[PDB]
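See structure below.
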Amino acid sequence: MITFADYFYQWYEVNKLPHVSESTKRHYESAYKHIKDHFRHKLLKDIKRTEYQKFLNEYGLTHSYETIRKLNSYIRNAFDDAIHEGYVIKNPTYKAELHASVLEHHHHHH
């Protein structure tokens, strides 16, 4: 059983790679770096939505909205592909909060 980190890279290289460019690679690979950071020996089918949320919060501190948004769609498709193939069963995308806290806009006025 493959981990979420290694699966993400594998899924990418096998599926999205021939359709994308190196400019796209660095997006996926940077995402993969944050993924492998948190989900090291974490199996693809064991991801809880609570920790997935925590992953996004941290990612939204280091990257812009467009970066975290596309990340979400990659992960969503990663589970969508895996579930299609009958490999994964838990999709933690329920709490896929795209909170780019770099630009978390509220009203800080007094």
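Start counting the sequence shown at 1; every next residue gets the next number (PDB author numbering).
Backbone N, C-alpha and C fix where the C-beta goes; we use that ideal spot for every residue, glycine too.
Straight-line Cα distance separating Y28 from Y52
17 angstroms
Once DSSP output is grouped into helix, strand and coil, what is the label at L61?
helix
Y28 lies in the alpha helix (DSSP H); which residues open and close that run?
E22 to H38
According to DSSP, simplified to helix, strand and coil, what is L98?
coil
Tell me which same chain residues have a C-beta within less than 8 angstroms of the C-beta of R40, skipping the five on either side of it?
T3 and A5
Is it buried or exposed for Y94, if we count other Cβ within 10 angstroms and need 16 for buried?
exposed
Could you check if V88 is buried or exposed, using at least 16 other CB atoms within 10 Å of its CB as the buried criterion?
buried
CA-CA distance, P18 and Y12?
9 angstroms
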